[PDB]
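The form deposited in one PDB entry is given below as one chain in structure tokens.
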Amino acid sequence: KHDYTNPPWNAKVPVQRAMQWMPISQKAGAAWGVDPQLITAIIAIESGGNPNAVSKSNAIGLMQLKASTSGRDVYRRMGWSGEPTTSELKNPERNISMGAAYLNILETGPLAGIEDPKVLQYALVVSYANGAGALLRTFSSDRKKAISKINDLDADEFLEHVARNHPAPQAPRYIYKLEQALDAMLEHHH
């Protein structure tokens, strides 16, 4: 299985920088029914709080949204045509709003039916990172039985399952990082 804890990841500075955006994250989380600390952790992991981050593949901004994929998914959810521009994705308020929208899409879409909010949290970071489809297929080729299998595990067993069974090494590591980010956030009484 993936040695996902290696190397240790110090969340202090990445969470401190993501916390700068918390007032936006609070409002975005409220609008979309999404946990602002989950938003904050994702910013910390994805961009380390850097609103100008651009990946090899042109994922953009605080929550690393890609116009042609997640960006477009959000626009389709809102009933809008087309997709956002690079410039728009760079704007921190728009970026975080779309990241929150995307987390809601995952929750209400492919991940609908997961009972344990902690398991759901882990299922969200894994899907955001490496795709809800690939996570589900890790359990069963049909969605229905995959969710049923997910429902039989507690949060620790879910991590374990991902560590042993997910093709992408980064998947279980995203859960490790998330917990490191949650630990760091304990020191921010927001």
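The numbering used is simple: start at 1 and walk along the sequence shown.
As for the form deposited with a small molecule bound, it is not shown, yet the points below apply to it.
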Taking 102, 128 and 170 as a possible spot, do all three reach the small molecule in the deposited bound form with a heavy atom inside 4.5 Å?
yes
Evaluate residue 121 for contact with the small molecule in the deposited bound form, applying a 4.5 angstroms cut-off between non-hydrogen atoms, and reply yes or no.
no
The small molecule contact at residue 65 in the deposited bound form, heavy atom, 4.5 Å:
yes
Give a yes/no on whether residue 37 approaches the small molecule to within 4.5 Å in the deposited bound form, heavy atoms considered.
no
How about residue 155 - does it come within 4.5 Å of the small molecule in the deposited bound form, if we only consider non-hydrogen atoms?
no
